[PDB]
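# generate coordinates for the sequence data below:
(one chain, ligands or ions: 3)
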Amino acid sequence: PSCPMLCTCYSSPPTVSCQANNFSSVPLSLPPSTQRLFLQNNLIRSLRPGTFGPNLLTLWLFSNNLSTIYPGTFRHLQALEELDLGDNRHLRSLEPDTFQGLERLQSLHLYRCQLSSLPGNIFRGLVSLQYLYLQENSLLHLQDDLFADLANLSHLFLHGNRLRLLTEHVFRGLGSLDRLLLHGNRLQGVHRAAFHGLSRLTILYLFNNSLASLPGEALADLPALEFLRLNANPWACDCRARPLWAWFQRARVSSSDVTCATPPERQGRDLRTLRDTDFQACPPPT
Ligand SMILES: *[C@@H]1O[C@H](CO)[C@@H](O[C@@H]2O[C@H](CO)[C@@H](O)[C@H](O)[C@H]2NC(C)=O)[C@H](O)[C@H]1NC(C)=O
Ligand SMILES: *[C@@H]1O[C@H](CO)[C@@H](O)[C@H](O)[C@H]1NC(C)=O
Ligand SMILES: *[C@@H]1O[C@H](CO)[C@@H](O)[C@H](O)[C@H]1NC(C)=O
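Numbering: from 1, shown residues only. Ligands and ions are numbered 1, 2, ... in the order given. The coordinates are given below.
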């Protein structure tokens, strides 16, 4: 029973290389000892339970043609550490239990799959997860608590989606988060307490969104921040700018520029060029 048809197998570590065959399905006869399974660059259309063996540590399925993953498919891959499903442009939705079983998973790639939404409980129990790549789908919203079990998540990539708002508990439970990329969305509001608990976050990209302002509490909630990108937003340099401006007076972080789009008499200037006296007619903190 030695190697799937058209693939190459290696014994240390136990590896099955099946890439670039235009397969329409996962090959049969995978040796049960297989630890690494390379199926990228095929045309596989669906996955089912009974397909993958329990020893896999690494599974690459990117650039296939996945449109369906049937319930139970990953359920017995207790040992799996990396799962790459990126670049399956017709995949479109995932059932709530897709990743049930995957408690040792450390990185999960789901970029460019045309996801518009996710089930609110799809990432529950992924306690080992460290990297989660969701960039360049079409995600419209992220529910409160969508990442709540991910106490080890270090990088979360959410750029290039269609997000408009970050709600109060969207990032609840992300106490290890180090980098959060949100650029290239259409974000218009961030809840005051959206970054609560992100005490280890050092990098935050928000550039290229529709932000006119950000609350003071959100920046205050990032005590470890080191690099913040804010450019290519329509920043309002009026009373709304003051909590951000005040945070900039005290913060030690690298930053992009923060260019005012309004009012016209300040358009083009950097938000940090404003003076305390530009804010003297502003109602006191509310
Ligand atoms: C990639 O999978 C997609 C999505 O299932 C396939 O597009 C479909 O093609 C079939 C037959 O041509 C039609 O029933 C559908 O109208 C198409 N669906 C969608 C959503 O476009 C496409 O056939 C697949 N291509 C390959 C090369 O596997
Ligand atoms: C697979 O399919 C495409 C036809 O779309 C072809 O160009 C390519 O050479 C095929 N690749 C392999 C590796 O057999
Ligand atoms: C900004 O984001 C959109 C995705 O929302 C993208 O199409 C475009 O390439 C980016 N624009 C700039 C000016 O970088």
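# distance of the one residue in the stretch 151-286 of the chain that gets nearest to ligand 1 relative to residue 134?
Among the residues of the stretch 151-286 of the chain, residue 162 lies nearest to ligand 1; the distance is 19.5 Å by CB to the nearest ligand atom. Every C-beta, even on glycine, is put in place using the N, C-alpha and C of the backbone. Counting by CB to CB, to the nearest Å, the separation of residue 162 from residue 134 is 12 Å.
# let's verify the residue of the stretch 151-286 of the chain closest to ligand 1: helix, strand, or coil?
With DSSP: H, G, I helix; E, B strand; the rest coil as the basis, residue 162 sits in coil.
# cool, and residue 218?
Secondary structure state of residue 218, per three-state DSSP, is helix.
# need the contact list for the nearest residue to it once chain neighbours are set aside.
Closest residue in space to residue 218, ignoring its immediate chain neighbours: residue 195 at 4.8 Å, by CB to CB, 6 or more residues apart in numbering. Taking CB atoms under 8 Å, 6 or more residues apart in numbering as the contact definition, residue 195 lies against 171, 201, 218, 219, 221, 222.
# my read: the last one touches residue 203, true?
No. Residue 222 sits out of contact with residue 203 when judged by CB atoms under 8 Å, with a separation of 10.0 Å.
# thinking again about what came up before, between which two of the contacts of residue 195 is the distance greatest?
Of all pairs drawn from those, the widest gap by CB to CB lies between 171 and 219 and measures 14.3 Å.
# ok, those two, which is more surrounded?
The residue with more neighbours, out of residue 171 and residue 219, is residue 171; 28 against 21, by other CB atoms under 10 Å.
# what's the burial count for residue 79?
15.
# so which bits of stretch 191-206 are buried?
When burial is assessed from 16 or more other CB atoms under 10 Å, stretch 191-206 yields the following buried residues: 191-198, 201-206.
# just grab the bridge partners of the residue nearest in space to the middle of the chain for me.
Ranked by distance to the mean C-alpha position of the chain (CA atoms, centre = their mean), the top residue is residue 157 at 3.0 Å. In this structure, residue 157 has beta-bridge partners residue 133, residue 181, where bridges are defined by DSSP bridges.
# for it, give me its contacts.
Each residue near residue 157 by CB under 8 Å, 6+ apart is listed here: 111, 132, 133, 134, 135, 179, 181.
# kindly indicate which of those residues lies nearest residue 76.
Taking CB to CB as the measure, residue 76 sits nearest to residue 132 out of the contacts of residue 157, at 21.9 Å.
# where does residue 59 sit: helix, strand or coil?
strand.
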